[PDB]
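1. got an experimental structure here, sequence first:
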Amino acid sequence: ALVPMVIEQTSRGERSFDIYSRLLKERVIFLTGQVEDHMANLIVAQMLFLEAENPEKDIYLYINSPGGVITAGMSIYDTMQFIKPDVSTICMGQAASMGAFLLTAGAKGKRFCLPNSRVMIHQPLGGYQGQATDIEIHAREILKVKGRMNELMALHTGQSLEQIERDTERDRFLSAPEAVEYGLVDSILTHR
Amino acid sequence: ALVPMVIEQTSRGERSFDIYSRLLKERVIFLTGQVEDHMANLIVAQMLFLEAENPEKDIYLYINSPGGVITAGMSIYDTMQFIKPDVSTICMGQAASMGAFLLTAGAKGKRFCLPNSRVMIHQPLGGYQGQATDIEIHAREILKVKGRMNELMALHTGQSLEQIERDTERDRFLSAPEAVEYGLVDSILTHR
Amino acid sequence: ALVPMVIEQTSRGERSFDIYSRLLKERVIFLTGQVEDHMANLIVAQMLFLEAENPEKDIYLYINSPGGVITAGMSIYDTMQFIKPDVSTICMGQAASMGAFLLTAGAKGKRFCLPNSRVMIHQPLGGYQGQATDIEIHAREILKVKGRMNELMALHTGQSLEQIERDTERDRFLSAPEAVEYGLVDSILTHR
Amino acid sequence: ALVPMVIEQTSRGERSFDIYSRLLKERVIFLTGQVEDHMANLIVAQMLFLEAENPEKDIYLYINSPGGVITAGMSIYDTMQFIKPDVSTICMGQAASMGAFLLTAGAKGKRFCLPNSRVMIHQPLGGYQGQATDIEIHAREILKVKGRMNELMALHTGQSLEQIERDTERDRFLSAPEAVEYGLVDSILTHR
Amino acid sequence: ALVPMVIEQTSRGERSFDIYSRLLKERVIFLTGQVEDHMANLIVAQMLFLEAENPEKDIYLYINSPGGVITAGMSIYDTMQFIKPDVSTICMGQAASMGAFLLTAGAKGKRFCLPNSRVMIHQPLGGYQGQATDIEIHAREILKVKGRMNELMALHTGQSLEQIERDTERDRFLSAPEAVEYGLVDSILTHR
Amino acid sequence: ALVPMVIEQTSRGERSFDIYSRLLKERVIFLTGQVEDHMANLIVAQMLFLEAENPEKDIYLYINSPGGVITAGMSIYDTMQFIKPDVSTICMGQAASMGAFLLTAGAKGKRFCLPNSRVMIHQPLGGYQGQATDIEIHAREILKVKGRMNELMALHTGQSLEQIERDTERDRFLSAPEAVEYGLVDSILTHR
Amino acid sequence: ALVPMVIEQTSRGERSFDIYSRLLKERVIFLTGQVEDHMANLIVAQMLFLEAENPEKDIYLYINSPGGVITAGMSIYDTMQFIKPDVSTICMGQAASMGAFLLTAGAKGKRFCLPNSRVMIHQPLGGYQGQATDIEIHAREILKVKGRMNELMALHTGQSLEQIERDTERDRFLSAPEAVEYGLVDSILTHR
Amino acid sequence: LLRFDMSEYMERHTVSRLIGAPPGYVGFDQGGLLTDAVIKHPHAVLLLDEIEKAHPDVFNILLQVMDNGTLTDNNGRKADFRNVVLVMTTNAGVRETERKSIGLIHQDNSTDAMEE
Amino acid sequence: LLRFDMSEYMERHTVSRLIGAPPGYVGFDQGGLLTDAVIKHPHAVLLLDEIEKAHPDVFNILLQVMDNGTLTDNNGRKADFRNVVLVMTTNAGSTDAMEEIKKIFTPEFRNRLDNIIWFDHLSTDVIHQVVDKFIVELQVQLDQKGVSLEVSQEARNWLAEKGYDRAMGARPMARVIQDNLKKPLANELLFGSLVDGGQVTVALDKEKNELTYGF
């Protein structure tokens, strides 16, 4: 019983799903844990599935994650931007690193966050071992990524690019009210 | 058969389910083991589900746990405060550290613990490795969390803030009658 | 078939359940292995279920275990006292340490044990590492627990508290006839 | 297909059964592999379930296993003694140590073994580490167990007690014809 | 899809089967991998089932295995001799060690093999650590087993006992035509 | 519930399918993780299955992978070229190494990648240990593969062969706009 | 869905199948990964099942494998030759070592291979530790196997025996067009 | 207008209602609704509502009235449909045009312009 | 008024029970239950209880009736519903009430309803009014038998509080009034301690809450 079952009444009186398929039906997707490749692949499939069911309605994405792989996380980012309905992102627990990046990528005006949550941002990490010639190739690529990530942060948050660059030099922690003032989220949820 | 099946009759019958799904149906949620992200996420999915099923009825949360990750635990805390129905928390076995924190977060007047249980509280733990500059950043963040956790304890228990600070410097153990007097719980359940 | 299936005729008939679900339906619960936190939690879920199925009928608990975590064991103990119907405990194989404790907690007059079984009692174990200040904090808590366990033994067995105090100094082994004489069980089952 | 499926005609089926459930329905229980604590409870559950359907019908317990925990297959002994039917214990492969202990415990006149089987009997094993005081306590308990197991062998085999003590000091192996002469079994099956 | 499904039609039709159960229905049993204790136990159950479905028809046993435990292999042997219908053993791939002794144990005249198969026979292995007294006891038992296996080989193959003992001193490999000449099998299957 | 279930409505409806089978029905196949042997084998089975369902409709392959084994990847490649309907490949996340070769092999005019994706290409890797004679044989074979892979890149992209060889000496990273200019993809998808 | 589900259309309806059972029905068997006993045991079961279904129709075997155990591979070989319908083998990805051996064993005129595949052939490997006497016995057996495998290669390919013996001394790699000239396959598939 | 509602024939048991029970069966001497209606009113419009709800084997009766013009009752008398206009109605192919494909690139999904 | 309990039509074979079996099938000559009733009483009120439990096939029977006013009997006769009114009751509840009935009453069905009438929970004033009605009916019977009965206010409050259940509404009231008031009185009247010309006033005993009276 790692995942409980729930029963609902439908046209024939009964359907029996788990504790997650039942919520997908209510257009809720959860993103938790490390942003890897298999997990990201599943989230994209779920978002495409919901768009087709009803292109006019919002999709709710709950975020609680420590970070992850950028490449994996750029899928999802591009899907959220490609598909038609708004994706509203809600931060609970934490949104760190790549998690914070996806949090701000939600539809404008719909970037919420619970009151005791934390958001943390920083420049990307990486590394390489090899010949001096190969080291240069790999060093250049990580720097281009750093630059691209900074532009997207500035675009979504409204901060100037230079301000974004200064703020990601070292781990920056923001409390929920600070995320609102900074521009990572639009508001704090209080009570239903 | 790690988890047994149970049978119930309604209209036409059948519809057999597991021992935990059967209790979720009775708006009962259990929280055991360490508090971490994958588990905390499930506790939240269950609470969102039950709210949707019936916004006016109480949700019962059983708490038996040694502690855990604060971030994961805070996502549980905020959901409990956000949703509409009251959450009544019941302590059996132990509620230590983060477990104790969530226990006192239940609806006022509805925080109950069994007579041979134990509650233990303490200041948060953490750590870090890095440059002196990074050490400063991370040390500041843990101290801010300590401060916030103490404010919430004072709010929920009725103790002054200074009294809460003194009491969490070293592990503090409370017996069920002590938890009632201190203000962590409202009462001790005895017999049905 | 790690666990075999059984078939039972009722009304419609057929209805094939598990070898353990068939017994849960017969208000039979088995307790085995070490007493921990994940397993003890299931024992409690089963007792609450049976209590809600029919508050007027007994629950039979079959005990065969070497010991366990005191905290996990206490959540079982308190449920067994809270719920309305009597729990009749039966000792087969062995009941040692915490297992012995739960055995004597059954309803008075309904504590049985098979003739070649063994029961063993001893003092509570524990430990700690840290500053001299923390060592004194943890040492006092284990001693309080020891005192509480002795009082419950005296309550359930009829022995004076001092007699219990002496008999728990070192491991003490009792044969089924000694369990009856001592007061841990009321009787020995023999033949159908 | 670790375990194959079988079909049989009853009333309005069909109805498939596990390669092992199909045989439980034929009042045949297999005891194979080393006697543990989890496997022993499953054997006990099957015997009670077989004593609930029809108490006036023999239960066959095929036994092929090299021994195990004494105090956990000394709870499959007490369930056989106690139930209403007769448990006729056939032999195959090997019955060693505790396995050879349960084989002789079957209904008198119904203990059978196949011709190329082997039965081996011996003195019980154990051990301990600790203070000289604790060593004494544990040594006494194992000796008490040894004495009790010898009494039961003498009872079930017809040998004098002294003969049983001499014969178990060191491992003794018996061929199927010797098991018959010694009295561990009543007869040898050959061909249908 | 480690194991594929197949379907068949009879009366109502459907009958969706795991491919191995589909063949059990055709009185075909496979023996592969090491001859252990759990696997042998399952083969015996299958043979008893087939002998109870139709006592007058042959049961084919397909053998492809490197060897295994003698004790487990012997329960398979005794069951084949006990049950009424002939058991025809076919061997494709290899039949080595215990896998070759059971290959010759099939019904006389029905011991066909493969054209590119290999059969290997050898003296049994074992070992022991302990006091000189215990070593003697165990040495005697393995020698008794060796003697018994030689008798059965001579019985089933038609070779004299002395010839069997000489030929098992060291591993002996036989090609399919040699197995036929030696008397391990009756014939070689070629093309349908 | 690692993978959610969805409900589809049609002539009869009530068709409960996994989040991945539901998409296979939409002629959508995903390629993620390393290009191994078992995974490639499964993709081929799906493409052959779709070709038979409707030879006149396109198949969409979603690519997000770091690379893998060339041999396994070539079986996917050859199938794509053999079957009748066009295969349209979409790159997201990353298409590196063999993933990049699998991307450009799609139908001309239908190779598309999302704007924040990355494509990386490089010469084959390999190795060997053995006698100087064996080393030569193995070295020659890897060089033949390098030559063949370069011919296919030139064929599908329009670059001259000499240009392809120079560009695959060391890891080369291309952003989505460069992949388009270079000729690995035909276009960039942006917003629906 | 590690393995996806598909739906077909027969006289009744539904009929849901795995991404592999559906193809078994079309008389398609896949051989992938390393050859060993359990996998080699399942393929034989499938080929026998298909012959019975319809003795007058071809069976298609898709091969993609690095090699494996000869014994296991030979039971597949013999079944292919024994059964009545032609078995047509198709090489995709690679066919090395034992894989190549089985590839050429298909029905004459029906041995195909995809354009970018690779076939590799070599003399058998093995080894032994023990007394000089045992070493001799095992060395002789491996040499007999080498001789037999060479005869079968010459038989199926049309090459003289001397030519096969020279060619397999060191790993020999062949491209799809060379496999055709050599005679391992009859032709290359290109486009439908 | 002769009108029949196919939702009343959802089980392989409502066919005798249309043509009559066999000789020796409790309902034998009643006749049969479809053949009696057609015999009495040879020039008519025959409507079968929601013909996607009849048990599928009921179609096998129509498959004998559409080709040859006749249906035989349980007395061997024949209904003659040559002057009857037959109309069947259904919404069977509808729920196949109300959806979009799932993916980044759209298809057509109109050929199943309900051949399904 | 014609009444049917739809909980008796939960199983598939019961659908023909309402209309009548096809000819040649057991029981066809017994007729149906619904179609004969509407032939015999064409102007009646038709009430279907708990229509949120019937087997889905009966809904096709209902859709046909609501759509055109008629059903055909297994003897070929027409059941003409043009003069009857159809009332169906449900515990389905508006969106949820809708989904629970809608599940079978899909839009294709709901569009055939003329209305939905909603029935409210009882207030405390109503449960007192309901008790007054029950008491009055007893008072009338007693006057006919020559006995005057008056129930005190503390007696009325208790009965209203006791015979009302939020989960059963006013249904339990029938037994609460009968068992506490009618029964004890019936015993005395028949025995003859209380006779024509008698009077009883019913008060509560504060420590028992029994209805106590005599003459």
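-> Yes, it's here. Numbering: from 1, shown residues only, chains lettered A, B, ... in the order given.
2. buried stuff in the helix or strand harbouring residue A:164?
-> According to DSSP states H and E, residue A:164 maps onto helix A:161-167. Neighbour counts using 16 or more other C-beta atoms under 10 Å in any protein chain shown place A:164-165, A:167 of helix A:161-167 among the buried residues. Using the backbone N, CA and C atoms, a C-beta is placed for each residue, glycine as well.
3. could those residues be laid out in TSV, adding distance to chain G?
-> Converted to TSV, the buried residues of helix A:161-167 look like this (distance: C-beta to the nearest C-beta, whole Å):
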residue	distance to chain G
A:164	41
A:165	44
A:167	43
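4. ok, so of these, who is nearest chain H?
-> residue A:164 (29.6 Å; C-beta to the nearest C-beta).
5. correct me if wrong: the closest one contacts residue A:150.
-> Yes: with contact defined as C-beta atoms under 8 Å, residue A:164 reaches residue A:150; the gap is 5.1 Å.
6. contacts only, for the residue in chain A positioned nearest to chain E.
-> Residue of chain A nearest chain E, by C-beta to the nearest C-beta: residue A:38 (20.0 Å). Counting by C-beta atoms under 8 Å, 6 or more residues apart in numbering or on different chains, residue A:38 touches F:32-33.
7. I'd like the next helix or strand past the helix holding residue A:164.
-> strand A:172-175.
8. CA atoms of the helix or strand following that following strand as CSV?
-> Sequence-wise, the next helix or strand downstream of strand A:172-175 (DSSP H and E) is helix A:176-182. What follows is helix A:176-182, C-alpha atoms only, in CSV (Å, rounded to 0.1, in the frame of the first residue of the first chain):
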residue,chain,number,x,y,z
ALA,A,176,8.5,33.3,0.7
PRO,A,177,8.0,37.1,1.1
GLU,A,178,11.4,37.7,-0.5
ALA,A,179,10.5,35.6,-3.5
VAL,A,180,7.4,37.8,-3.9
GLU,A,181,9.4,41.1,-3.8
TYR,A,182,12.1,39.7,-5.9
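9. and the buried residues of helix A:161-167, which is closest to chain I?
-> For these, the nearest to chain I is residue A:164 (45.5 Å; C-beta to the nearest C-beta).
10. and the closest one, how far is that from residue F:8?
-> Going from residue A:164 to residue F:8 by C-beta to C-beta, to the nearest Å gives 44 Å.
11. mind listing what residue H:46 touches?
-> Per C-beta under 8 Å, 6+ apart, neighbours of residue H:46: H:2-4, H:38, H:81, H:84-87.
12. list only buried entries from those residues.
-> Using 16+ other C-beta under 10 Å, the buried members of the contacts of residue H:46 are H:2, H:4, H:38, H:81, H:84.
13. skipping adjacent residues, who's closest to the residue in chain I positioned nearest to chain E in space?
-> Going by C-beta to the nearest C-beta, chain E is nearest to residue I:12 of chain I, at 18.8 Å. Nearest residue to residue I:12, sequence neighbours excluded (C-beta to C-beta, 6 or more residues apart in numbering or on different chains): residue I:55, at 5.9 Å.
14. secondary structure element for that neighbour?
-> Short version: residue I:55 belongs to no helix or strand, going by DSSP H and E.
15. what about it, how many residues nearby?
-> 16 (other C-beta atoms under 10 Å in any protein chain shown).
16. that one contacts residue I:16, correct?
-> No: the criterion here is C-beta under 8 Å, and residue I:55 misses it with residue I:16 at 11.1 Å.
17. pick out the most distant pair among the buried ones among the contacts of residue H:46.
-> H:4 and H:81 (13.5 Å; C-beta to C-beta).
18. and the closest residue to residue H:102 other than its chain neighbours, helix, strand or coil?
-> Nearest in space to residue H:102, with sequence neighbours left out and distances taken as C-beta to C-beta, 6+ apart, is residue A:52 at 4.3 Å. State at residue A:52, reduced to three classes by DSSP: H, G, I helix; E, B strand; the rest coil: helix.
19. quick one, what contacts residue A:52?
-> The neighbours of residue A:52, taking C-beta under 8 Å, 6+ apart as the test, are H:99-102.
20. most neighbours of all those, which one?
-> residue H:102 (21 neighbours).
21. for the helix or strand hosting residue H:87, name the packing helices and strands.
-> Taking DSSP H and E as the definition, one finds residue H:87 inside strand H:84-88. Contacts defined by 3 or more C-beta pairs under 8 Å, 6 or more residues apart in numbering or on different chains; DSSP states H and E place strand H:84-88 against strand H:44-49.
22. how far away is the residue lying farthest from the centre of chain H from residue A:81?
-> Taking C-alpha atoms, centre = their mean, the residue of chain H most remote from its mean C-alpha position is residue H:104, at 42.4 Å. Between residue H:104 and residue A:81 the computed distance is 12 Å (C-beta to C-beta).
23. contacting residues around residue H:71?
-> H:19, H:34-35, H:38, H:61, H:64-65, H:78-79, H:81.
24. correction: the previous question concerned residue A:116.
-> A:176, B:74, B:77-78, B:148.
25. which residues of chain I fall in strands?
-> Applying DSSP state E to chain I gives strands spanning I:2-5, I:45-49, I:70-72, I:78-80, I:85-88, I:148-151, I:199-204, I:211-212.
26. ok, chain H next?
-> Going by DSSP E, chain H shows strands at H:2-5, H:44-49, H:70-72, H:78-80, H:84-88.
27. send over stretch I:39-48 as PDB, restricted to the C-alpha atoms.
-> Extracted in PDB, the C-alpha atoms of stretch I:39-48 (Å, rounded to 0.1, in the frame of the first residue of the first chain):
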ATOM      1  CA  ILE I  39     -53.100   0.400 -18.900                       C
ATOM      2  CA  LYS I  40     -55.400  -0.300 -16.000                       C
ATOM      3  CA  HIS I  41     -54.800   3.200 -14.400                       C
ATOM      4  CA  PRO I  42     -53.900   5.600 -17.300                       C
ATOM      5  CA  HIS I  43     -54.400   8.800 -15.200                       C
ATOM      6  CA  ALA I  44     -52.300   7.800 -12.200                       C
ATOM      7  CA  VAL I  45     -49.300   9.400 -10.400                       C
ATOM      8  CA  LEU I  46     -46.200   7.200 -11.000                       C
ATOM      9  CA  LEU I  47     -43.600   7.100  -8.300                       C
ATOM     10  CA  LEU I  48     -40.200   5.500  -8.600                       C
END
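28. from the chain's centroid, how far away is it?
-> 16 Å (C-alpha atoms, centre = their mean, to the nearest Å).
29. tell me the residues of chain H that contact chain A?
-> H:99-104 (C-beta under 8 Å from any C-beta of the partner chain).
30. contact partners for residue H:18?
-> H:9, H:32-35, H:58, H:61.
31. excluding chain neighbours, what is closest to it?
-> Looking at residue H:18 with C-beta to C-beta, 6+ apart, the closest residue is residue H:34, at 4.2 Å.
32. count the neighbours of that neighbour for me.
-> 23.
33. wait, what's in contact with it?
-> Counting by C-beta under 8 Å, 6+ apart, residue H:34 has contacts H:4, H:18-19, H:61, H:71, H:79.
34. distance check, residue I:197 against residue F:130.
-> For residue I:197 relative to residue F:130 (C-beta to C-beta), the value is 126 Å.
35. which one of these two is surrounded by more residues?
-> Set residue I:197 next to residue F:130 and count neighbours by other C-beta under 10 Å: residue F:130 wins out with 12 against 9.
36. how about the more buried one, secondary structure?
-> coil.
37. contact partners for it?
-> residue F:138.
38. how about residue A:34?
-> Counting by C-beta under 8 Å, 6+ apart, residue A:34 has contacts A:65-69.
39. hang on, the earlier thing: in terms of contact, does the residue of chain I closest to chain E touch residue I:57 like I think?
-> Yes: using C-beta under 8 Å, residue I:12 is in contact with residue I:57, at 6.7 Å.
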